[PDB]
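Working notes, beginning with the structure itself.
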Amino acid sequence: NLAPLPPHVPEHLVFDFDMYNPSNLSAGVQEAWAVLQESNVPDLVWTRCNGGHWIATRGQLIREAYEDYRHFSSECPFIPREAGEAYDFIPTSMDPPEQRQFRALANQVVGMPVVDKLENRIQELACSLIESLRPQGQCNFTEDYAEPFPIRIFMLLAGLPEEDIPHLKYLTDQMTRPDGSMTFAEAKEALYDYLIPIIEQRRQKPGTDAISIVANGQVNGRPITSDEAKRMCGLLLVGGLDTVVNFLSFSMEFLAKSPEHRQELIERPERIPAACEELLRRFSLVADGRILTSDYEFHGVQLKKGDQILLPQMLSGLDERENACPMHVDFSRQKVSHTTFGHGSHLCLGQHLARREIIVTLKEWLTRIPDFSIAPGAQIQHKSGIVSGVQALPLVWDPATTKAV
Ligand code: HEM
Ligand SMILES: CC(C)(C(=O)c1cccnc1)c1cccnc1
């Protein structure tokens, strides 16, 4: 299902990429997207899939478009257009200077000082989850750790019932890796039905949870509205439920396959932080975009006002012009260059939270379960979308090689 090419698009710029179902999926999701950086592919292409849109393929263009909010607006950041259209999260569907005030609040809730406060719980939950898995010699990493770990910390931050996990996660999943079961707007509405009552309750009777702070915050000297709060919280939810969750499984899947990488971390733990950035570069997973606010000529291509452009965060660090041997994991690269957490005004506020969760997991898993591998005859499947994922990650190990702490 290719849409007829608009008049302004030179046929030589066509490259029919399906962000939802790339061709090489079997080879891995990052590998499937990297096809866009092959020699035969222009720097800026048009795809007729998902209704027709541009895709910038190089770290340089992505960062440029990201910096340029005058031309490239966050107003309609999702493809297909109907999704970008229905998209109304804050601060994400706003451009500076408006974005700034909401960002400042969102920072209050997820920023550094919060992580610093949550640290012991993060470490507590990791250790507990791992210890519980250890003696089994086998899990479903995706369902066994990658989901509970980051989710439960979020649920704690947000003050929401663990019981709501399944329902929330389903809906979150519909936004980033649509099934066909529901449209973005339906998914969005349903999360909204969830939130409303909660916000109301927390405007009346404030807690110390993230939702309470958001619901009662100040923006531009006045009180946030209910609708604004509902709209920030919607973003926070997706961030908590759908980001770190997917990242951990790619990393884990790599670790399962590379004994030498595991060992390196065990003997030279001072390398963990460096390793985490490298894994963030290699297993980068997000791809959203922007809308053209006007006609504009960008690197010699004419973009028409209203044109959508996918600026895959994923691709910057995979770009050879940016990283030598991009597909190779090397914990000792002189310069790890990525835009995994975005670029420009929308740089991810939850990055601090995500790094703390990644580092704790590596340190804590390796400690207890130094030696593991993918289950025999398990075929690992990746999934593409706004946020890519791993479908299931069967791991096996000998309990006898584990260490209890
Ligand atoms: C692997 C982990 C994550 C990755 C790769 C990631 C990636 C991103 C990206 C690329 C953006 C910018 C989107 C744009 O420019 O349209 C973003 C924004 C944002 N992320 Fe993260 N995210 C992650 C985890 C988190 C977590 C755990 C939270 C907190 C619950 C969070 C909260 C935010 C917020 C609030 C924004 C909006 C900032 C603004 O619009 O000013 N993210 N994230
Ligand atoms: C692409 C993006 C920004 C994403 O991956 C994300 C979501 C919340 C926090 N951090 C990143 C996203 C995903 C789903 C809904 N809105 C935004």
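Just remember, in the structure tokens the first chain shown is A, the second B, etc., residues are 1-based per chain, and ligands are 1-based in the order shown.
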
List as a ChimeraX atom specification the protein and nucleic acid residues near residue 255 in chain A, meaning an atom at most 10 Å away when only C-alpha atoms are counted, but skip any in the same chain fewer than 2 places from it. /A:249-253,257-263,362,366,370-374

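Based on only C-alpha atoms and all ligand atoms, the protein and nucleic acid residues found within 6 Å of ligand 1 are, by chain and then by number, residues 91, 92, 103, 106, 110, 236, 239, 240, 243, 244, 247, 286, 288, 313, 340, 341, 342, 346, 347, 348, 349, 350, 351, 353 and 354 of chain A.
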
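Between ligand 2 and the residues A:306, A:148, A:77, A:197, the shortest atom-to-atom distance, using only C-alpha atoms and all ligand atoms, involves A:77.
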
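Taking only C-alpha atoms into account, residue 164 in chain A lies nearest to A:241 out of the set A:62, A:27, A:122, A:241.
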
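If you look at CA of residue 201 in chain A and CA of residue 234 in chain A, they are 16.3 Å away from each other.
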